[PDB]
Amino acid sequence: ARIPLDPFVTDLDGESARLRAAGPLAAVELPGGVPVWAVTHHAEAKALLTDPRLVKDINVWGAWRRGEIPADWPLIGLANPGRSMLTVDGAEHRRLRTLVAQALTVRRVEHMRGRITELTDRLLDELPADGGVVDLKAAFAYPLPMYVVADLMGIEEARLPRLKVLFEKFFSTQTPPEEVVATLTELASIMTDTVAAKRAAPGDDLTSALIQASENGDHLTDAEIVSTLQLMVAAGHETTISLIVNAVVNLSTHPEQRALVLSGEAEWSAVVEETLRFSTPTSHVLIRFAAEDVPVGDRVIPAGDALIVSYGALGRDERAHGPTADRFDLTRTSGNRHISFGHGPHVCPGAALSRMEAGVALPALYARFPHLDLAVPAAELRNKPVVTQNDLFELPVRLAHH
Ligand code: HEM
């Protein structure tokens with residue numbers, strides 16, 4: 001009855017359906033045969049996300065304290081990440097979130113609109129005009145979040161060419177494991193240089209702001225700042241890309257809704273929010289452990305067991321959005337907002353940033369290429385082999401009728 005999560009993501013929607021069916025708490029198996037629990041219903045997910053009994057501390061994981069976890073387990077990196085706001089809870093977590101929130105603010109994001117608009121137009125200018133097939137992901141969606149975050153972080157523009165090469169290697173599924181590790185260090189090198197540069201000469205960027213953040217004398221250490229910058233790249237690059245990609249796929253497959261937005265009858269923000277609910281870029285999130293036995297519906301998560309949050313599956317929970325939860329409809333009016341950015345203390349601090357990027361990129365893209373459409377059947381689109389993410393291999397499209 002256990003549900004094996006396909007690492008090659010050959011059937012995301014089918015898997016999500018099975019997960020909801022086996023919800024609220026579904027017994028699942030992670031790539032490599034590692035069993036864990038997964039909350040697959042909206043209501044139950046929010047409850048656990050705010051339950052102090054479910055912590056990030058990997059030490060609470062029974063199978064962990066033992067030898068049930070293969071040292072070569074591919075997903076070990078997501079299960080046991082480096083120190084950051086991601087690996088802690090309670091007071092330690094509140095400290096990091098409050099300090100970071102003084103830097104990555106709503107205001108800072110609003111003030112990035114102009115720059116995001118400029119980068120978007122620059123990337124659109126680079127798109128071919130021949131009328132042939134173009135991979136909108138590689139040529140538009142992928143590079144945007146990279147340049148935006150670099151600008152936000154205050155990374156020296158002369159380092160961009162190298163940053164691009166590093167990003168390519170770091171996120172490429174074909175990069176040798178050892179090379180990925182080496183690349184992460186060079187990225188850390190650029191981040192550290194940035195922190196050193198801003199300490200030497202403060203400016204109006206996110207790094208300078210992270211340096212200056214303070215709580216009655218308390219502040220972020222160089223290590224905490226660097227781990228935060230690294231986490232923002234790890235958590236916000238591919239997600240933002242997929243948000244843009246999935247939005248284009250959804251509009252392409254729902255003509256009447258695309259029309260509503262192009263005519264101005266529907267807002268672009270509705271495209272973004274429905275895309276986050278219906279096709280979130282983050283299908284599953286590792287990982288939490290029960291410090292004590294925790295009741296979930298008719299079942300119970302034994303103390304020491306693991307729990308992943310299946311945002312992809314619960315996004316279409318009919319108990320939260322009614323009968324039409326199984327389809328894309330940006331005109332819906334549910335009594336429950338989606339929780340694709342999480343819920344509770346660990347709620348995504350990049351929600352405003354991603355919404356701003358997609359909110360600028362999508363309108364600009366369609367204003368210039370109003371007739372853009374998929375160059376292949378939607379069914380022919382495929383996911384990248386990353387079990388926790390909903391990223392497409394590519395986005396073949398024809399910008400205009402050739
Ligand atoms: C629309 C694209 C995005 C989605 C769907 C998304 C989703 C999420 C979710 C679901 C979580 C929490 C997982 C859990 O606790 O169960 C999270 C955490 C996080 N996200 Fe995002 N995210 C997106 C973009 C970004 C961006 C652009 C950034 C960079 C500022 C970012 C930075 C983070 C960080 C730092 C955390 C850790 C929060 C913590 O553990 O305290 N995210 N995100």
Side-chain angles (χ1 to χ4, degrees), residues 100 103-106 108-127 134-157 159-173 175 183-184 187 190-191 194 205-207 228-249 268-269 271-273 275-276 279-283 340-341 348-366 384 386 388-395 397:
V100 170
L104 181 58
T105 68
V106 171
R108 182 169 300 289
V109 167
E110 284 300 308
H111 284 61
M112 282 295 295
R113 188 187 295 282
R115 188 58 189 152
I116 294 172
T117 299
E118 296 173 356
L119 290 169
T120 294
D121 291 332
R122 162 186 166 295
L123 291 171
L124 289 176
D125 285 342
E126 296 305 302
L127 291 178
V134 62
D135 172 12
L136 194 62
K137 181 186 180 181
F140 181 68
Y142 180 93
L144 184 56
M146 172 178 75
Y147 289 108
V148 172
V149 79
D151 186 279
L152 169 65
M153 299 182 163
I155 292 177
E156 173 176 49
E157 298 180 306
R159 311 291 293 289
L160 293 178
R162 181 56 178 176
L163 187 68
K164 184 173 182 292
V165 175
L166 295 174
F167 264 57
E168 264 70 306
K169 298 195 292 187
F170 189 66
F171 294 110
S172 174
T173 62
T175 304
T183 297
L184 195 171
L187 286 171
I190 296 177
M191 298 306 196
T194 305
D205 58 278
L206 177 68
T207 299
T228 293
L229 294 178
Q230 292 223 287
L231 183 55
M232 297 184 130
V233 173
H237 189 236
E238 300 197 298
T239 46
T240 304
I241 293 169
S242 291
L243 171 61
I244 294 172
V245 168
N246 294 356
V248 168
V249 169
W268 280 96
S269 62
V271 171
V272 175
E273 302 308 302
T275 291
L276 284 165
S279 47
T280 176
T282 306
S283 297
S340 294
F341 276 124
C348 179
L353 181 59
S354 59
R355 277 168 168 147
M356 175 63 75
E357 286 187 58
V360 168
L362 293 166
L365 173 70
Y366 280 87
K384 294 198 68 185
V386 181
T388 56
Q389 310 174 191
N390 178 25
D391 315 325
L392 300 186
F393 168 54
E394 46 180 44
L395 180 54
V397 301

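Quick note: residue numbers are just sequence positions, from 1.
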*Sidechain-backbone polar pair: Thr175 side chain, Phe170 backbone, donor-acceptor under 3.5 Å*: no
*Roughly how far, to the nearest 0.5 Å, is OG of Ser279 from CG of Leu243?*
8.5 Å
_Non-neighbouring partners of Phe140 that pass ring pair (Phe, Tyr, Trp, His ring centres under 6.0 Å), sequence neighbours left out_ = none
*When rounded to the nearest 0.5 angstrom, what is the spacing between CG in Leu229 and CD1 in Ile190?*
11.5 Å
_With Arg115 via salt bridge (charged side-chain N to carboxylate O under 4.0 Å, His left out) - residues at least two apart_ = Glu118, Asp151
*Going through the distances and angles, do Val249 and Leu395 end up as a side chain to side chain contact (heavy atoms under 4.5 Å, CB included)?*
CA-CA 8 Å; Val249 169; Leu395 180 54; 3.8 Å; yes
*With a 4.5 Å limit on heavy-atom distance, are the side chains of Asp205 and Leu152 in contact?*
no
*Nearest heavy atoms of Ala150 and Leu160, plus distance in Å*: CB-CD2, 3.7 Å
_From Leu184 atom CG to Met191 atom CE, the distance as rounded to the nearest 0.5 Å_ = 9.5 Å
*Have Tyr142 and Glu394 got a donor and an acceptor in their side chains that come within less than 3.5 Å?*
no
*Can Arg122 be said to sit on top of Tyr147's aromatic six-ring, NZ or CZ under 6.0 Å from centre and within 45° of the ring axis?*
yes
*Kindly write out the residues that satisfy salt bridge (charged side-chain N to carboxylate O under 4.0 Å, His left out) with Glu156, not counting sequence neighbours, or none if the list is empty.*
none
_Test item: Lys137 side-chain N/O and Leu392 main-chain N/O as donor-acceptor pair under 3.5 Å_ = yes
*Expected output: side-chain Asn390 to main-chain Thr282 donor-acceptor under 3.5 Å*: no
*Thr207 (side chain) donor-acceptor with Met153 (main chain) under 3.5 angstrom*: yes
*asked:* So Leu104 and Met232, do their side chains get closer than 4.5 Å, heavy atoms only?
replied: yes
*asked:* So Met112 and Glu357, do their side chains get closer than 4.5 Å, heavy atoms only?
replied: no
_Minimum side-chain heavy-atom gap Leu276-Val272 below 4.5 Å_ = yes
*In this structure, are over 12 heavy atoms from other groups packed under 6.0 Å from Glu168 atom CD?*
yes
*Measure from the side-chain N and O atoms of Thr105 to the backbone N and O of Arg108, and report whether any donor-acceptor pair falls under 3.5 Å.*
yes
*Distance-only, no hydrogens or angles: does the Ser242 side chain make a donor-acceptor pair with backbone N or O of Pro281 under 3.5 Å?*
no
*Which value, rounded to the nearest 0.5 Å, describes the distance between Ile116 atom CD1 and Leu144 atom CG?*
7.5 Å
*Can you tell me how far OG1 of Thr120 sits from CG of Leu365, rounded to the nearest 0.5 angstrom?*
9.5 Å
*Aromatic rings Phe167 and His237: how do their planes relate, parallel, tilted or perpendicular, breaks at 30° and 60°?*
perpendicular
*Minimum heavy-atom separation for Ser354 to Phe341, with atom names?*
OG-CZ, 3.2 Å
*So, do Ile241 and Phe171 sit near enough that their side-chain heavy atoms are less than 4.5 Å apart?*
no
*Which atoms form the tightest heavy-atom contact between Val109 and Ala352, and what is the distance?*
CG1-O, 3.7 Å
_Distance, nearest 0.5 Å, that separates CD of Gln389 from OG1 of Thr280_ = 10.5 Å
